[PDB]
Amino acid sequence: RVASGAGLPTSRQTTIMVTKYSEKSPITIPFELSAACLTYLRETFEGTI
Amino acid sequence: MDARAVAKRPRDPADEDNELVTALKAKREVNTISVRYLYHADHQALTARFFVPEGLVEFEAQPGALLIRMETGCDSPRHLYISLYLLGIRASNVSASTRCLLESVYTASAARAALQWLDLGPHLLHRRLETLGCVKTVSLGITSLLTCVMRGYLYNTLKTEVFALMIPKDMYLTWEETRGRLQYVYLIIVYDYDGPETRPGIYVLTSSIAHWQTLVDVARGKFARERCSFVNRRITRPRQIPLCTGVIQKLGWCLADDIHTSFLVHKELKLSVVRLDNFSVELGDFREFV
Amino acid sequence: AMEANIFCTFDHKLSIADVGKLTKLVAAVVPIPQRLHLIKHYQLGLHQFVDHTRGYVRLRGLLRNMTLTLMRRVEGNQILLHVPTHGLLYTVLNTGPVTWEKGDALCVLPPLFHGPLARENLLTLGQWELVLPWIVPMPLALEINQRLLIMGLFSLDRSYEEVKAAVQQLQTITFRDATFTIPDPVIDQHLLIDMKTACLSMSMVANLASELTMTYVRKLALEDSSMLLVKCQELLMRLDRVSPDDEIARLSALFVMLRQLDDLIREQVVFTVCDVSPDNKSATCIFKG
């Protein structure tokens, strides 16, 4: 506050409270895979070059 | 609880420090504000503060004068804080020379407006007016901020010197040839129920009488003509409603020795007054008598 | 350094919502039938005196002699109450429907709004409902007393439309930014008992004072040392243009009907506003008892 002059309107003691919040924004970039890469990676084939 | 603590002597308030002194002393800092002696702490006189326009605060710069709020059915400025002298302008009790004197000082746009609001409505003054007590300090601003008291003595800050109560000579009224050790001061608004004028009479009663019946007996005995005028207006004019031919309330009590004649000066205008130096206000509601 | 207070307790359980409701009424007036020290919650306010058959006048008669107090603080342990004293200032809430100004003479009134309401939903326990008396400026209290008495006086002629128009005129009351109305005292086309005896005593003292006056001024006229007496009898003689034990009984009857009307013909100021806070929820007023 500022000390006002004599006879002037004064200023009162002021408390003030603000409450910020949060948002939600979940993201997703899905990817697909063919059966060829899963079949030839997760399963073992014969010994050929 | 202990007999040591119960039979312990009571604590002197002036010997113990303030709450701010021990609060600053606990955490041990220093501020530029001097705080070790709070002012107005030993003040039994409960006071109040009032804003009022400039047009009513003449003959008020000297400390000590009554202050009366009024009611007006207009909404925004509804309550004016009128001094006692502007009230005495309207009154038929005051002498016409002094009337033309103190009207000549109160030439203001607010004062004449209050004078119109006094006699405009159908109500009498005692149902309209309401005291506040006596004033002790001024602000003298573009609007004035007076300090009145409800109960207690009238004194300057630090109690360096006492403040007196002023009353003009025409409102002054005693009913005994000699006074007691103590005497109360009252307010009297007596109604002349005459045909041409209904302007009242304003009085203060520096009397040593406290009991209300023994006060109202002497009040009827001194104002028998006014009650006769009341009952004459009752018999002459039918279907009118007159009430409260006089009203009475307690204002305070004085020392009964400092009562003396002084004068007020405002813009080199003398106005002779009865002055009561050591006086404490004591307010009360408007009782009435017929 | 403690002060002399009153420790009031609650035998019902109290919610945190009810504690937060109770802490809104910090500077609230509470009447108490006798200033004890450890009082229960059953004697806070006027719910001890809520009655279906009784009315406003007996509430005013009880409130003339109740010990009014102020609250200090609310705790999960207990509740603090403060008895005021004369010549000291206190903060007091404006729970009344009318805003105040500085220097207004204030006095305590029984609540016109009764029973369940959107404003009377304060601290309501199971069998208990905390009610608070109103703190009204003095001329509005006088207006309410006069208007309620005269609305009680028109109880026996509600069949006439003109009397209903006069009642509807009386039932609305204006004030400074205040246009509240009051409930009519006649219910079930009958009047409650205290208001009935009050207006009956009013009519009785009016009838007896109209009756006995001429004989008394005729007796007083033969010692005429006061010229007010002859115009006093001339008033009654222009208005018209007995056994001695009957006289004694009529005098005692007139004075007892006046004595039963003592609380209504006058009242005392309780507070006067030293200053008023902004928003007009509360004001600092000096007690006057």
Problem set entry | Candidate set: the stretch C:86-104, residues that are of a type in the set (A, V, I, L, M, F, W, C) and buried (at least 21 other Cβ atoms within 10 Å of the Cβ); chosen: the one nearest to the other protein chains (Cβ to nearest Cβ) | C:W100
Problem set entry | Residue match in the stretch B:141-149 (condition: under 30 Å from A:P9 (Cα atoms) and away from chain A (no Cβ under 14 Å)) | yes
Seminar exercise, completed: Of the candidates A:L33, A:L38, the one satisfying the condition of being surrounded by 10 or more Cβ atoms within 10 Å (Cβ to Cβ) and either among the basic types (K, R) or away from chain B (no Cβ under 14 Å) (or both) is A:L38
For this session: Quick one: B:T245 ticks every box in (1) surrounded by 18 or more Cβ atoms within 10 Å (Cβ to Cβ); (2) under 20 Å from B:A61 (Cβ atoms); (3) among the hydroxyl-bearing types (S, T, Y) except a single one, so which number is it?
Result: (2)
Problem set entry | Members of the stretch B:58-91 found to be within 14 Å of another protein chain (Cβ to nearest Cβ), in contact with a helix residue (DSSP H, G or I) (Cβ under 6 Å, 6 or more places away or on another chain) and under 21 Å from B:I142 (Cβ atoms), listed by number | B:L80, B:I82
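If you go through the stretch B:1-45 one residue at a time, how many are more than 41 Å from the chain's Cα centre (by Cα) and within 30 Å of B:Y155 (Cα to Cα)? Walk me through how you get there before you give the answer.
So in the stretch B:1-45, the residues more than 41 Å from the chain's Cα centre (by Cα) come out as B:1-8, B:24-31.
Then keep just the ones that are within 30 Å of B:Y155 (Cα to Cα); that gives none.
Residues meeting the conditions: 0.
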Exercise. How do the pairs read when you match residues in the stretch B:77-102 that are more than 29 Å from C:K102 (Cα to Cα) with residues anywhere that are β-branched (V, I, T), using Cβ under 7 Å and keeping only pairs 6 or more apart or on different chains?
Worked result: B:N93/B:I202; B:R99/B:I89
Seminar exercise, completed: Exception for C:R259 within (1) exposed (fewer than 15 other Cβ atoms within 10 Å of the Cβ); (2) within 11 Å of another protein chain (Cβ to nearest Cβ) falls at (2)
Exercise. Within the set of pairs 6 or more residues apart or between chains, which connect a residue that is away from chain C (no Cβ under 14 Å) inside the stretch B:29-50 to a residue that is surrounded by 10 or more Cβ atoms within 10 Å (Cβ to Cβ) and in a loop (DSSP other than H, G, I, E, B) with Cβ atoms less than 6 Å apart?
Worked result: B:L38/B:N18
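State the number of residues belonging to the stretch B:254-290 that are away from chain C (no Cβ under 14 Å), outside any loop (DSSP other than H, G, I, E, B) and not hydroxyl-bearing (S, T, Y). Spell out how you get there, then give the answer.
Looking only at the stretch B:254-290, we keep the residues that are away from chain C (no Cβ under 14 Å), and these are B:254-279.
Among the residues that remain, those that are also outside any loop (DSSP other than H, G, I, E, B) are: B:254, B:260-265, B:270-276.
Next, only the ones that are not hydroxyl-bearing (S, T, Y) stay: B:254, B:260, B:263-265, B:270-271, B:273-276.
Qualifying residue count for the region: 11.
Being touching a strand residue (DSSP E or B) at 6+ places or on another chain (Cβ under 9 Å) and away from chain B (no Cβ under 14 Å) narrows it down to one residue among C:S282, C:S277, C:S252, C:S243; which is it? Full working, then the answer.
Details: C:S277 fails: away from chain B (no Cβ under 14 Å); C:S252 fails: touching a strand residue (DSSP E or B) at 6+ places or on another chain (Cβ under 9 Å); C:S243 fails: touching a strand residue (DSSP E or B) at 6+ places or on another chain (Cβ under 9 Å).
Step by step, each of C:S282, C:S277, C:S252, C:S243 is checked, and only C:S282 is touching a strand residue (DSSP E or B) at 6+ places or on another chain (Cβ under 9 Å) and away from chain B (no Cβ under 14 Å).
Does C:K102 fit the bill of being over 19 Å from the mean Cα position of the chain (by Cα), basic (K, R), assigned to a loop (DSSP other than H, G, I, E, B) and closer than 22 Å to B:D285 by Cα?
On the way: over 19 Å from the mean Cα position of the chain (by Cα): yes; basic (K, R): yes; assigned to a loop (DSSP other than H, G, I, E, B): yes; closer than 22 Å to B:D285 by Cα: yes.
Yes; evaluated as a whole, the condition is true for this residue.
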Exercise. Within the set of pairs 6+ apart or on separate chains, which have a first residue in the stretch C:41-52 that is among the β-branched types (V, I, T), a second that is buried (at least 17 other Cβ atoms within 10 Å of the Cβ), and C-beta atoms under 8 Å apart?
Worked result: C:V50/C:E129; C:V50/C:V131
For this session: Could you please find all residues in the stretch B:126-137 being buried (at least 17 other Cβ atoms within 10 Å of the Cβ) and away from chain C (no Cβ under 14 Å)?
Result: B:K136
For this session: Specify which of the listed residues (C:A141, C:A166) is over 15 Å from the mean Cα position of the chain (by Cα) and not basic (K, R).
Result: C:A166
For this session: Report yes if some residue within the stretch C:125-132 is under 30 Å from B:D285 (Cβ atoms) and buried (at least 17 other Cβ atoms within 10 Å of the Cβ); otherwise report no.
Result: yes
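Yes/no per residue for (1) touching a helix residue (DSSP H, G or I) at 6+ places or on another chain (Cβ under 8 Å); (2) not hydrophobic (A, V, I, L, M, F, W, C):
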site: C:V83; (1), (2): no, no
site: C:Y90; (1), (2): no, yes
site: C:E101; (1), (2): no, yes
site: C:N121; (1), (2): no, yes
site: C:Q127; (1), (2): no, yes
site: C:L132; (1), (2): no, no
site: C:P139; (1), (2): no, yes
site: C:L148; (1), (2): yes, no
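Can we say C:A221 is away from chain B (no Cβ under 14 Å), among the small types (G, A, S) and closer than 29 Å to C:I150 by Cα?
Details: away from chain B (no Cβ under 14 Å): yes; among the small types (G, A, S): yes; closer than 29 Å to C:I150 by Cα: no.
It is false that C:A221 is away from chain B (no Cβ under 14 Å), among the small types (G, A, S) and closer than 29 Å to C:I150 by Cα.
Residues are listed down the side, and each one gets a yes or a no for (1) of a type in the set (V, I, T); (2) buried (at least 17 other Cβ atoms within 10 Å of the Cβ):
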{"residue": "C:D11", "(1), (2)": "no, no"}
{"residue": "C:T23", "(1), (2)": "yes, no"}
{"residue": "C:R35", "(1), (2)": "no, no"}
{"residue": "C:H41", "(1), (2)": "no, yes"}
{"residue": "C:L70", "(1), (2)": "no, yes"}
For this session: Considering every residue within the stretch C:63-79, establish whether at least one is in a helix (DSSP H, G or I), out of contact with any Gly (no Cβ under 7 Å at 6 or more places or on another chain) and of a type outside the set (V, I, T).
Result: yes
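Please note: Cβ atoms are built from the backbone with ideal geometry, for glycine as well, and neighbour counts cover all protein chains shown. Values in this text are rule-based calculations from the coordinates and carry no lab data.
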